[PDB]
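> From the sequence below, what's the structure:
(chains A and B)
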Amino acid sequence: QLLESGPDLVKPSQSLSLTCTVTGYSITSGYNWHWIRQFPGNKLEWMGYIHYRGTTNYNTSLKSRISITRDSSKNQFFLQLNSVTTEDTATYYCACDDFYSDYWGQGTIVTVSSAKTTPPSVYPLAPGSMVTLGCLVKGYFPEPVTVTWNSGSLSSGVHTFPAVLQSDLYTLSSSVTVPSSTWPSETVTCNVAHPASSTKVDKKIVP
Amino acid sequence: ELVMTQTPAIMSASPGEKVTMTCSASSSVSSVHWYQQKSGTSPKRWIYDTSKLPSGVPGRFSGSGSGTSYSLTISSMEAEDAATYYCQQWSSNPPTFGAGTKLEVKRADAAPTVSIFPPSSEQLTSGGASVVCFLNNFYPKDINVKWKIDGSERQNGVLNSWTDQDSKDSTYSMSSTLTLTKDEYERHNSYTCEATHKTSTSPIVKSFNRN
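Numbers count the residues shown, from 1 in each chain, chains lettered A, B, ... in the order given. Below is the structure in question.
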């Protein structure tokens, strides 16, 4: 139904832009199409929407910096938030709804910072009846980063922890538990992706 | 500038137990919507017009209220109902949201599985040395990790992180990472990760020897 897209890192004082490509319904037929964001801390804020007709409605406190427009032909609408500040760092979601029904996108994170993109360094964590394996992803910026095990075949038994900020760099860790008789017999590898720097690393966990 | 106060911020409920969450408005509001958001996904409207249900929302859920007091009730909870619930109003501009109420699911106490990991080769080859410790699948969430190098609590310089309540077994997991410099690391020998939870009188210890 709805997918959000746009650059991840945007400098303070500049403008933030996002695209929502809708599929399975004409955004000119019906529904109200909104832009809603969630700040780190989970606080939510409705930003605005545009009717089936280019008529718009914005959150008063954003009225001077926001603009919502669309391109019928491509079945997508956009969001521009001018003069961003770090306070605009958030997960942006696009959505639609009528009195009875709503649809949302997966949401896309945008970081407003003067800091510069830094790839992460992936380190393996092997043991000092199941065995617990790890993977340390540290020194990167901005968020997000994705971590999978064996390309996803090892999804269950995985605990990927929230990243923690420190010295203007995020650090994260991930764990996976498997039967003692599976590792190191069968290869266990953590896959890490960091789109902001187009990084894709693979670290085999060696005993 | 219409403040929505939700209470409590966090609350736990056993399966089958009735559950009620409150939303207090700073000024009267005519309507109120509720949204549900589970870990890793996006909000989803749960209730509109203060009391109506959108297709897909279990009948066990119901909303009610008026003026400055609204509430979301779960007649009987199921573990699938664990999430954060936000109330919102469209009466004034802008359409404010409450800070949300996190509904935890209660369950028997479960001891944490502890695992400790020495710095890797790749890392030690960059002068770095991060010691990591995992405390997986425990309950209650409140727990405390303690680092010790050569028998002395290496207190500061530790980064901890918690996962949300597991959707499968309803437990919690946490990670503790003490970062040192390659040189300070090779200057000590005993590295212990000590965890004190509700599941044991004595702390659960785990520790390697740098050799």
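> what number of residues lie near the residue lying closest to residue A:96 once chain neighbours are set aside?
Setting aside the residues directly before and after it, residue A:96 is nearest to residue A:31 in space (Cβ to Cβ, 6 or more residues apart in numbering or on different chains), at 4.1 Å. For the C-beta atoms, the positions are set from N, CA and C on the backbone; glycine is no exception. As a burial measure, residue A:31 scores 20 neighbours (other Cβ atoms under 10 Å in any protein chain shown).
> tell me the contacts of residue A:31?
By Cβ atoms under 8 Å, 6 or more residues apart in numbering or on different chains, the residues touching residue A:31 are A:25, A:52, A:96, A:97, A:98.
> let's see 10 Å
A:22, A:25, A:49, A:51, A:52, A:95, A:96, A:97, A:98, A:101, A:102, A:103 (Cβ atoms under 10 Å, 6 or more residues apart in numbering or on different chains).
> Contact partners for residue 207?
Because you didn't say which chain, this covers chain A. A:126, A:127, A:131, A:183, A:184.
> could you do chain B instead?
By Cβ under 10 Å, 6+ apart, the contact set of residue B:207 is A:128, B:114, B:116, B:131, B:133, B:147-149, B:190-194.
> which of the residues you listed has the most neighbours?
Top of the contacts of residue B:207 by neighbour number is residue B:133, holding 29 neighbours under the definition other Cβ under 10 Å.
> Any chance of a PyMOL selection covering the buried ones in the contacts of residue A:207?
A single PyMOL command selects the buried members of the contacts of residue A:207 (16 or more other Cβ atoms under 10 Å in any protein chain shown):
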select buried, chain A and resi 126+127+131+183
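> now the contacts of residue A:207 in CSV, with distance to residue A:84 and secondary structure?
Formatted as CSV, those follow (distance: Cβ to Cβ, whole Å; DSSP: H, G, I helix; E, B strand; the rest coil):
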residue, distance to residue A:84, secondary structure
A:126, 42, coil
A:127, 45, coil
A:131, 46, strand
A:183, 45, coil
A:184, 48, coil
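> Which of the contacts of residue A:31 are buried, as a PyMOL select command?
A single PyMOL command selects the buried members of the contacts of residue A:31 (16+ other Cβ under 10 Å):
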select buried, chain A and resi 22+49+95+96+97+102+103
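> Mind listing what's buried along stretch B:32-42?
So, applying 16+ other Cβ under 10 Å, buried residues of stretch B:32-42: B:32, B:33, B:34, B:35, B:36, B:37, B:38, B:42.
> what's the answer for stretch B:175-190, then?
So for stretch B:175-190, counting by 16+ other Cβ under 10 Å, buried means B:175, B:176, B:177, B:178, B:179, B:180, B:185.
> Now do the contacts for the first one.
Applying Cβ under 10 Å, 6+ apart, we find residue B:175 in contact with A:134, A:136, A:159-162, A:164, A:171-175, B:115, B:132-136, B:145, B:159-163.
> now the residue nearest to residue B:110 when sequence neighbours are not counted: how far from chain A?
Counting by Cβ to Cβ, 6+ apart, residue B:110 lies nearest to residue B:139, which is 4.7 Å off, once chain neighbours are set aside. Residue B:139 is 14 Å from chain A, where distance means Cβ to the nearest Cβ, to the nearest Å.
> tally of neighbours for residue B:139?
For residue B:139, the count of nearby residues is 25 (other Cβ under 10 Å).
> Against residue B:115, how distant is it?
Computed as Cβ to Cβ, to the nearest Å, the residue B:139 to residue B:115 distance reads 18 Å.
> Looking at the buried residues of stretch B:175-190, spot the one nearest chain A.
Here the nearest of the buried residues of stretch B:175-190 to chain A, counting by Cβ to the nearest Cβ, is residue B:175; it sits at 4.5 Å.
> Just the element for that closest one, please.
strand B:172-181 (DSSP states H and E).
> ok, that strand: who's next to it in the sheet?
As defined by DSSP bridges, the strand partners of strand B:172-181 come to strand B:128-138 (antiparallel), strand B:158-162 (antiparallel).
> How about stretch A:98-112, which residues are buried there?
Within stretch A:98-112, the residues scored as buried using 16+ other Cβ under 10 Å are A:102, A:103, A:104, A:105, A:107, A:108, A:109, A:110, A:111, A:112.
> Contact partners for the most centrally placed residue in chain B?
Centroid-nearest residue in chain B, with Cα atoms, centre = their mean: residue B:164, separated by 4.1 Å. Neighbouring residues of residue B:164 by Cβ under 10 Å, 6+ apart: A:162, B:38, B:39, B:40, B:82, B:83, B:84, B:102, B:104, B:141, B:172, B:173.
> my guess is the second one meets residue B:79, correct?
The one in question is residue B:38. No. Counting by Cβ atoms under 10 Å, residue B:38 does not reach residue B:79; the two are 11.5 Å apart.
> list residues touching both of these two?
B:165, B:167.
> quick one: residue A:107 from residue B:43, how far?
9 Å.
> who touches both of these two?
Shared contacts of residue A:107 and residue B:43, counting by Cβ under 10 Å, 6+ apart, come down to A:36, A:38, A:93, A:95.
> Mark which of these are part of strands, please.
The strands in this structure, assigned by DSSP state E, contain A:36, A:38, A:93, A:95 from the shared contacts of residue A:107 and residue B:43.
> and chain B, which of these contact it?
With Cβ under 10 Å from any Cβ of the partner chain as the criterion, these include A:36, A:38, A:93, A:95 near chain B.
> Among these, give me the pair with the biggest separation.
For those, the maximum inter-member distance is 12.0 Å, found between A:38 and A:95 (Cβ to Cβ).
> shared neighbours of those two, anything?
Common neighbours of residue A:38 and residue A:95 (Cβ under 10 Å, 6+ apart) are A:107, B:42, B:43.
> What is the nearest of those to residue B:210?
residue A:107 (43.2 Å).
> Okay, helices next: where are they in chain B?
Counting by DSSP state H, one finds helices in chain B at the ranges B:121-124, B:182-185.
> Run the chain-centre distance for stretch A:61-74.
21 Å (Cα atoms, centre = their mean, to the nearest Å).
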